[PDB]
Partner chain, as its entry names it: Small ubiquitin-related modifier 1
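A single chain comes next, written as structure tokens; it is the form deposited without its partner chain.
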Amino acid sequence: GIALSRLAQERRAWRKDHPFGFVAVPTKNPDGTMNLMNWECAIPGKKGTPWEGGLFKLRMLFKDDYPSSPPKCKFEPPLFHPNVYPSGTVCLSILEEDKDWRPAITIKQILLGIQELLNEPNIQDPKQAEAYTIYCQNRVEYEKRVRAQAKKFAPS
């Protein structure tokens, strides 16, 4: 009950003030009504990084314990990134309730923290075998793949 009120407060605040290039909109139910528990988001690549030009969409899923509990962030489709599970799920210290999650953390702070995570991976806790291998071996191949998937998700 408090989650839907907190999520509705966030939706209004995002509409008024939100970082440039980002998207964060609640999905709809099979009957057309609004579903504040499922948001379709998009994180834009930073200029000067192999991510520039690409708009990477992800989904935020909120449980009934929000904001006491963090949301689950899954890239759709899954991203080539050392800290993204092969399922698309993103792990970050602010996204673990037993770590750095606090109920005050807004949706804006999560999408910006994931955005920073793109160009600055946490190599100590990899969640994907393929991207953690290429990053720690042939960095040039890692950049080429990111730029290839950045052009793959470029706003056409």
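Numbering follows the first chain given and starts at 1.
Across the two stretches, 133-141 and 13-21, the PDB entry reports the greater mean Cα temperature factor for 133-141.
In this entry, 94-102 has the higher mean Cα B-factor, the comparison being between 94-102 and 115-123. Per the deposited coordinates, the residue with the largest Cα temperature factor out of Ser69, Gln109, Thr89, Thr33 is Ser69.
Keep in mind that the form solved in complex with its partner chain is not shown, yet the notes after this line are about it.
If you take 25-55 and check each residue for a heavy atom within 4.5 Å of its partner chain in the entry with it bound, you get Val25, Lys47, in sequence order.
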